[PDB]
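Worksheet: the structure to be examined is printed underneath.
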Amino acid sequence: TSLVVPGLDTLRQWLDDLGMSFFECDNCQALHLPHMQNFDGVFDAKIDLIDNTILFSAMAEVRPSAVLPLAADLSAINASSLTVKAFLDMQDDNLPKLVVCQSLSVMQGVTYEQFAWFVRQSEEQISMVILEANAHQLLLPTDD
Amino acid sequence: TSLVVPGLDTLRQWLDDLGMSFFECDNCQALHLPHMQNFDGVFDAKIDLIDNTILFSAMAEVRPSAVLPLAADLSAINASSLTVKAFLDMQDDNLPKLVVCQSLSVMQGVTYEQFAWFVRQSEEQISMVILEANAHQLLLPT
Amino acid sequence: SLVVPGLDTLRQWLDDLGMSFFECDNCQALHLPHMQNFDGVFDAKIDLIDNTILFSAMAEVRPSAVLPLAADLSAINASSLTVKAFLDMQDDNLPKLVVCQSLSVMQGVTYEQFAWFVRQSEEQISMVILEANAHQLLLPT
Amino acid sequence: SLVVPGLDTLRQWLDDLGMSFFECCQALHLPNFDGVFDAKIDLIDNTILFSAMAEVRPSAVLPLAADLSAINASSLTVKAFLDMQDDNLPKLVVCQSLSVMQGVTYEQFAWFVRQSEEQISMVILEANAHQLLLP
Ligand SMILES: [Cl-]
Ligand SMILES: [Cl-]
């Protein structure tokens with residue numbers, strides 16, 4: 001197999017090699033995945049390449065009355081999975097966001113099937129975490 | 001807690017309380033779950049109610065190249081999980097399908113928290129079988 | 001009375017149902033000798049792992065029948081809404097057919113839910129093994 | 001070679017890097033950065049886990065729990081959470097995982113160790129610097 005230190009161009013074609021539809025604004029660096037927006041509660045998901053590391057991250061908006069209970073359950077959520085990470089991103093002017101992410105290190109090179117397996121295992125664990133929080137009525141709906 | 005014998009109206013109301021979208025061909029006796037079909041491999045998943053038994057089942061199309069290795073792997077797949085079940089459905093006009101299901105008996109009643117945990121554990125454990133089977137290139141995409 | 005049962009709760013529940021069980025010093029499973037009256041059933045036990053109750057029965061498969069039995073494992077599993085069947089094969093063991101059902105108790109169960117779990121287990125498990133025994137796929141006990 | 005390693009392959013891989021482990025368990029425990037009372041390597045469901053545990057002083061459980069989100073967002077690869085049982089003191093778990101379902105190389109594992117040690121010790125160094133852990 002090949003072992004690539006993948007650039008942004010490498011991830012763009014690898015995703016199309018997997019049939020994954022992606023989106024990217026003009027001067028930006030994130031590769032947004034609209035396929036992740038069919039999971040209930042998922043407002044946005046994107047692939048990022050920072051410091052030789054791939055970051056599959058999805059974002060869900062927390063109900064303001066659920067912020068404290070969800071914050072207390074972050075350790076149990078992070079312990080529920082061997083790969084997924086969950087934390088609260090809360091800004092003054094924004095609504096509280098639940099960021100769920102998983103990282104793949106590409107410093108020493110990765111293979112295409114390593115990246116493929118990483119994406120779908122990420123979008124399975126991220127799916128189960130966000131879908132479980134929406135089952136607890138902790139998130140806001142993604143539609144009007 | 002309330003210990004109920006649920007009907008198909010109880011389940012979809014419970015699914016609504018869980019924020020789970022369900023689609024129902026009014027020709028269909030089951031509650032189809034579109035959230036489960038974005039897992040690559042799964043082409044359909046549904047919640048059924050037959051003889052006081054709730055059936056969370058997901059179906060994936062198997063590559064004809066892999067029905068023999070997958071059939072030999074059914075024992076290790078079923079033994080890999082305490083709750084889920086996995087088998088093949090092979091007719092003659094349609095492609096072979098892998099069925100991954102989980103079962104919950106309701107004839108002696110069930111609470112809301114028991115059903116919620118059933119759906120949660122079913123969706124996790126089924127998706128891992130589908131995710132791993134797709135990693136071994138045993139399934140057709142959707 | 002929604003309880004998250006321990007193994008001691010399972011022992012007392014089987015006694016309330018008049019169902020004899022057997023448990024060693026070393027182990028942790030509650031073997032049920034009543035299931036051994038069914039032809040081909042070598043052993044049946046109740047386990048409790050990861051907040052899940054596991055009623056499983058085991059049958060020794062004839063070596064010449066291993067491939068045919070494996071072939072219609074899918075049909076056996078599709079034959080019921082609750083039963084699970086698979087093959088257990090080690091290098092020093094005779095091949096085994098494991099027929100089992102599971103009831104997760106993570107969020108609690110009632111004594112009535114457990115009573116029906118074991119009765120539906122014994123019915124569905126026996127009808128699988130006895131039909132495989134009627135197809136000349138199992139060894140005598 | 002791209003390999004799905006067992007525990008023995010991880011044993012030999014730690015041998016190749018000059019890193020010692022404790023003989024035993026199912027993890028490979030490893031033997032300074034004050035706060036941590038145990039660090040180990042786990043192999044669970046085709047996933048290698050490098051985790052370190054530090055006992056939290058009860059006077060800091062609520063503050064540290066409030067900072068868990070900022071701690072997890074400060075790192076690209078490491079995860080932090082609390083493990084609180086009724087008979088133990090509250091523990092802080094700092095972990096980084098390397099999934100291995102589709103194999104792994106030896107330098108992918110070697111860099112996984114180097115990256116986790118520097119990222120885990122960066123979390124443990126900061127919490128202990130803020131008087132959140134026990135000696
Ligand atoms: Cl963001
Ligand atoms: Cl056994």
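Worth knowing before you read on, the calculation uses all heavy atoms, side chains too, and leaves out hydrogens, waters and symmetry mates. Chain naming here is simple, since letters A, B, ... match the order of the sequence lines and numbering starts at 1 in each.
In this structure, the separation between CD on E132(B) and CG on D73(B) is 7.5 Å, given to the nearest 0.5 Å. With values rounded to the nearest 0.5 angstrom, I44(D) atom CD1 is found 4.5 Å from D42(D) atom CG. The line from CG of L131(B) to CD1 of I126(B) is 13.5 Å long, rounded to the nearest 0.5 Å. Taking CG of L95(A) as the reference point, atom CD of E61(A) lies at 5.0 Å (rounded to 0.5 Å). Taking CZ of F22(C) as the reference point, atom SG of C27(C) lies at 7.0 Å (rounded to 0.5 Å). For the atom pair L32(C) CG and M19(C) CE, the distance stands at 7.0 Å (nearest 0.5 Å).
For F37(D), the CZ atom sits in a packed shell: over 12 heavy atoms of surrounding residues, nucleotides or ligands are nearer than 6.0 Å. In the displayed structure, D16(B) atom CG is contacted under 6.0 Å by more than 12 heavy atoms of other residues, nucleotides or ligands. Enclosure of atom NE2 in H136(B) by more than 12 non-hydrogen atoms of other residues, nucleotides or ligands within 6.0 angstrom is indicated.
Put simply, the side chain of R120(A) never gets that close to the backbone of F39(B): no donor and acceptor are under 3.5 Å apart. Judged by distance alone, the side chain of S104(C) and the main-chain N or O of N51(C) form a donor-acceptor pair under 3.5 Å. Remark: the backbone N or O of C95(D) is not paired with any side-chain donor or acceptor of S51(D) at under 3.5 angstrom. At distances below 3.5 Å, at least one donor-acceptor pair connects side-chain atoms of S69(D) with backbone N or O atoms of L88(A). In this structure, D88(C) contributes its side chain and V98(C) its backbone to no donor-acceptor pair below 3.5 Å. Within the 3.5 Å criterion, the main-chain N or O of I71(D) finds a donor-acceptor partner in the side chain of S74(D). Put simply, the side chain of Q131(D) gets close to the backbone of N128(D): a donor and an acceptor are under 3.5 Å apart. Using a distance-only test at 3.5 Å, with no hydrogens or angles considered, no donor-acceptor pair links the side chain of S102(C) to the main chain of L54(C). Of the possible polar contacts, none joining the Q91(A) side chain to the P96(A) backbone as a donor-acceptor pair under 3.5 Å is found. Here the side chain of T52(C) pairs a donor or acceptor atom with the backbone of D50(C) at under 3.5 angstrom.
Inter-residue side-chain proximity for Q107(C) and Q121(B) is flagged as unmet; no heavy-atom pair is nearer than 4.5 Å. Within the 4.5 Å cutoff, side-chain heavy atoms of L14(D) are placed close to those of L30(D). The closest side-chain heavy-atom distance from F56(B) to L104(B) is not below 4.5 Å. Using a 4.5 Å cut-off on side-chain heavy atoms (C-beta onward), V62(A) and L140(A) make no contact. Here the side chains of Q12(C) and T9(C) are not in contact, with every heavy-atom distance at 4.5 Å or above. Between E123(B) and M128(A), some side-chain heavy-atom pair lies under the 4.5 Å cut-off. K91(D) has its side chain out of reach of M84(D): every pair of non-hydrogen atoms, C-beta onward, lies at least 4.5 Å apart. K45(C) has its side chain within reach of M58(C): a pair of non-hydrogen atoms, C-beta onward, lies under 4.5 Å apart.
In summary, the side chains of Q119(D) and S75(D) do present a donor paired with an acceptor at a separation below 3.5 Å, with no hydrogens or angles considered.
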Evaluation steps, side chain to side chain contact (heavy atoms under 4.5 Å, CB included), between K85(B) and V100(B):
CA-CA 6 Å; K85(B) 210 169 73 184; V100(B) 190; over 6 Å; no

Using side chain to side chain contact (heavy atoms under 4.5 Å, CB included), reason through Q114(B) and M106(C) one step at a time and then give a plain yes or no.
CA-CA 8 Å; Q114(B) 277 176 319; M106(C) 167 70 83; over 6 Å; no

Test side chain to side chain contact (heavy atoms under 4.5 Å, CB included) applied to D16(C) and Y111(C), step by step:
CA-CA 9 Å; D16(C) 294 340; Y111(C) 166 68; 3.5 Å; yes

Under the criterion side chain to side chain donor-acceptor pair (under 3.5 Å), I'd like the reasoning laid out for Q28(C) against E23(C): C-alpha separation, chi angles, the key distance, then a yes or no.
CA-CA 7 Å; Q28(C) 317 259 328; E23(C) 193 198 2; over 6 Å; no

Determine whether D8(D) and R11(D) satisfy the following criterion, salt bridge (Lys or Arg N to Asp or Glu O under 4.0 Å), listing intermediate values before the conclusion.
CA-CA 5 Å; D8(D) 281 357; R11(D) 263 152 177 143; 3.2 Å; yes

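Put simply, the residue from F117(C), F114(C), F21(C) that forms a ring pair (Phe, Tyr, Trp, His ring centres under 6.0 Å) with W13(C) is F114(C).
The shortest non-hydrogen separation linking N78(B) to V84(B) is OD1-O, 4.0 Å. The nearest pair of heavy atoms linking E124(B) to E124(A) is O-OE2, 4.0 Å. For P5(D) against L43(D), the heavy-atom pair with the smallest separation is O-CD2, 3.5 Å. When every heavy atom of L2(C) is checked against every heavy atom of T111(B), the shortest pair comes out as CD2-CG2, 4.1 Å. Of all the heavy atoms in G35(D) and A54(D), the pair that sits closest is O-CB, 3.2 Å. Here the closest heavy-atom approach between residue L7(D) and residue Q26(D) is recorded as CD1-O, 3.1 Å.
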